[PDB]
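Next up: the same protein chain in two forms, each one alone, written as structure tokens (structure 1, then structure 2).
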Structure 1
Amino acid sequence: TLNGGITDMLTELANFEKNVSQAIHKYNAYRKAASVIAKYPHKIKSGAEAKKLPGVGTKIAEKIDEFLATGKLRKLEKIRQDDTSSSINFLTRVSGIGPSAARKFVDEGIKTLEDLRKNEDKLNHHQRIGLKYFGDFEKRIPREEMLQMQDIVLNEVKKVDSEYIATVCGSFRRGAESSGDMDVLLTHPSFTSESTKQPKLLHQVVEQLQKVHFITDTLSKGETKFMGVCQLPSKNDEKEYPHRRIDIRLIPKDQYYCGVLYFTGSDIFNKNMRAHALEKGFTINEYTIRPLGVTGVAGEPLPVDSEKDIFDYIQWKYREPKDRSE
């Protein structure tokens, strides 16, 4: 973190554009700039030096010059003193409350944690759980706990069907010493791109993890994606562990490599890679990589037999998960 002050500033600006301005491309613009600067191996001396990096333009270079000269940004200082922006930015920190709902709540005079807690009936299910564990979801998960959780999930899954394979992805697979949550990729030979020979494949796993009281809440749940809450068990007289967010994604067995590429991330790495794929005349999702016709219509799925194959198609040198943290 040679440029922590700068990347913090850009992230706060990114969050402003997302939550208050509702300008998603500015949000992405700032986050991209923050990302490229984060991995720049020099302590930045000026905006001109930063402007040389892909993603940093004139407006951000000027902000970096202001920040380096004064240690702050007047634009951010103003935003911080604005009541509406500060209220909206706070509310969106609750999972399930986005920019639209946040602004709506503020209009109705619901703008503090305390307001939320007396108006539970005005929240949808996702939001109510987001409020419930607002404090816990703020906390990061030490990798040591991630390993305990991996152990539980992987063996409970084995107990349901020995042919399930569960892979912990996200920041954990990228080797992070702490994670924001747990991300699990799930496969079963009964579910392929060709057919689904068995119903309830995801359900039965969720069910089992609920039975052993690992999963405690459900934010959303469909045939292929589960979004919920989990908690490690604690020993006698021990204070309980924080409740954690857990995502489970069932992916067709034969499309594992596209799936694990997707779910390993990071989110910005995926955006950059998929954008690059477009420039190279391909499109990538969690299932396949497809060529683009001159028309701009996707073709048939190309053969993929490793994560590296996907990198090869778009003429990228392979990058291990630990080097995908952008």
Structure 2
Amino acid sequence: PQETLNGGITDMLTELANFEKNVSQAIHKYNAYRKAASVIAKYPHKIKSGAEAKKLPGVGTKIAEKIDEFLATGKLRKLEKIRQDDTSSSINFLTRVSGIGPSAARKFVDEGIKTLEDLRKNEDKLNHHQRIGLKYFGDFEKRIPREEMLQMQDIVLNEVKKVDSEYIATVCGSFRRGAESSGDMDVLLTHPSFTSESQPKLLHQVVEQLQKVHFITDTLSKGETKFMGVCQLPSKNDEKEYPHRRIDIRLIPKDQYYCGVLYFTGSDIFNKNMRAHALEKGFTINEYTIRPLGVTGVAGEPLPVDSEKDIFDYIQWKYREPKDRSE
């Protein structure tokens, strides 16, 4: 695991993953490419043959021969064809706009709309999310210094307590994994009257306060238990203005905080691997519970697990501190 050790191969595989997910709409081939890329990135030798990478789990016949052509030529003809393709590469660029998924991108590129500027000229064709994602295209691709994360944590934690002092609020994602910067802010919220009982306005009246102090600036999706939006650091003096940042708030049964904070921590590829091999041991994890798989695919009742892990040694795994879960 030393980045440049096989970065060429994993670059190519990540670039293929993206083409599959954005252009072919083959979310399974995408996941397969992402899994081959990940395992190879952890592998502690430099691959010199597709047959050597083939021994790894998740590398198969087709990827092995893509490794050989890459090794032998420096290039992948499929990739270089794909990158040169004005329709494929437009669709790929469009999906970088929050809210423009792969189906939207195709529909836009089909009707001639290929650039951000094409998009601005056609805002009637855009739902609410897409205009916001287009409004803030550059900002949403910037990183958030951990120091700005902490200032965002102050505002969130301050304004949350102002509403109701038995709210707990927990900033998860890469932040809680110690990351020196983050892509967005992930806030986990629990309140004692949300368990198996309930009154469901707990999220709304927290969003509203954060809007009232002008921290939250836009709304991408808002529900009973999940808010997705935009939020900005207040600025001072004649300062440059901070960028607009993506924030999600997720409100979990307090009874199920542990599964919630594990999922939201996560990382995302780490969750995919932990759940996948929770399956191998006949358990299923989600943000809520951990359940056994009975004779075949059961659930019925889960245990209200009491510890910050146990989730973790139920699946015969040695505890990975959040620093060690960006994997």
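Note that the rigid core is defined as the largest set of C-alphas that superpose within 1.5 Å between two forms. When a residue number appears, read it as a position in the sequence of structure 1, where counting begins at 1.
Task: Selected hinge residue, from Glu156, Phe263, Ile88, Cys230, for two rigid parts turning between structure 1 and structure 2 - done: The hinge residue here is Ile88.
Task: Degrees turned by the smaller rigid part between structure 1 and structure 2 - done: In whole degrees, the smaller rigid segment turns 11.
TODO: On a rigid core superposition, how far has the CA of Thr167 moved between structure 1 and structure 2, in Å, if you could check?
DONE: Comparing between structure 1 and structure 2 after core fitting, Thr167 shifts 0.1 Å at its C-alpha.
Task: Following rigid core superposition, Cα shift of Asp312 between structure 1 and structure 2 in Å - done: With the cores aligned, its C-alpha sits 1.1 Å away.
Open item on the list: If I align on the rigid core, how far apart are the two C-alpha positions of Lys45 between structure 1 and structure 2? Answer in Å.
Closed with: The shift comes out to 5.0 Å.
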